[PDB]
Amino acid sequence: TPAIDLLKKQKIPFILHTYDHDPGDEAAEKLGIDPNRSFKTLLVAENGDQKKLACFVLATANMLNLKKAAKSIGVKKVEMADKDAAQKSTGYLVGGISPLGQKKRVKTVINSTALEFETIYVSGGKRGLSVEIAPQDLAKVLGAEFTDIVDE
């Protein structure tokens, strides 16, 4: 996948985990991961402008706080990206959106709590593939910031 191609091209350490998707957090369940280590990747539209997306990476059981997310990227408001807008921009389907190797690279923000883990797990770009990666190494590839972007 473009995500794994990218990590191999940049020589970034990672472990590839594979599970049979039976065709929310399937990866945490099938790989037996603590939930708070399993992260999902969401895209938002800056001021609701579906051509100006940004990427947010947060534990799958957390909820994205939109006001926090808009502050983290210095915009007045964000709305969730429409499905087609997220798919055309990233080249992935929901269920398989990786923060890595998106067709269009956009600014990325990882929730702060990622830093409490030696490694985290993010989508590898298709259902059934999970990339285990140190959070600071993820942030280094993507130029990402760590910021509180979640509720509770």
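Residue numbers run from 1 along the displayed sequence.
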Residues with no coordinates between residue 23 and residue 24, taken from the deposited sequence as a class: 4 to 9
Which of 85 to 93 and 118 to 126 has higher mean CA B factor, as the PDB entry lists it: 85 to 93
Higher-scoring stretch by recorded Cα B factor average, 54 to 62 or 29 to 37: 29 to 37
Residue 107 - which third its CA temperature factor falls in, relative to the rest of the chain: middle
